[PDB]
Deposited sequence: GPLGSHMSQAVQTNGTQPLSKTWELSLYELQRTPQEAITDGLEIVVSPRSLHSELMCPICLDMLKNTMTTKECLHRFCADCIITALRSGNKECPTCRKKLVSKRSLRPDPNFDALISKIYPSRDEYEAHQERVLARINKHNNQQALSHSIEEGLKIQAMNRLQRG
């Protein structure tokens, strides 16, 4: 992108936190690894495309010699094309 901000964006203000004890009760297409179709464990995230996979799953795909992102087929050179996502794991720890 150019990362240009719209008129609305240029003046937007924060969405403040909900700080009451409101509890929460669908997240499959977000916290699920697309390889094993299980819930993400030790999430690894592609740098170029921000697609998330279990560490063991994506390392396995790459080790097989397929150097494509399983989600979007973008070139992945190696595991240095990937970052650990501890903050995604942490979210998953609390929700499940």
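No C-alpha positions are given in the record for the deposited-sequence stretches 1-20, 46-49, 121-165.
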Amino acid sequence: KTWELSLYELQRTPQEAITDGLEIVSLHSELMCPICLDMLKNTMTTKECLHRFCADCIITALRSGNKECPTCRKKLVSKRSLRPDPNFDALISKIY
From here on, numbers count along this sequence of modelled residues.
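Averaged over their C-alpha atoms, the temperature factors of 28-36 and 58-66 are higher for 28-36. When the modelled residues of the chain are ordered by their C-alpha B factor, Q15 lands in the lowest third. The PDB entry assigns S6 a C-alpha temperature factor belonging to the lowest third of its chain's modelled residues.
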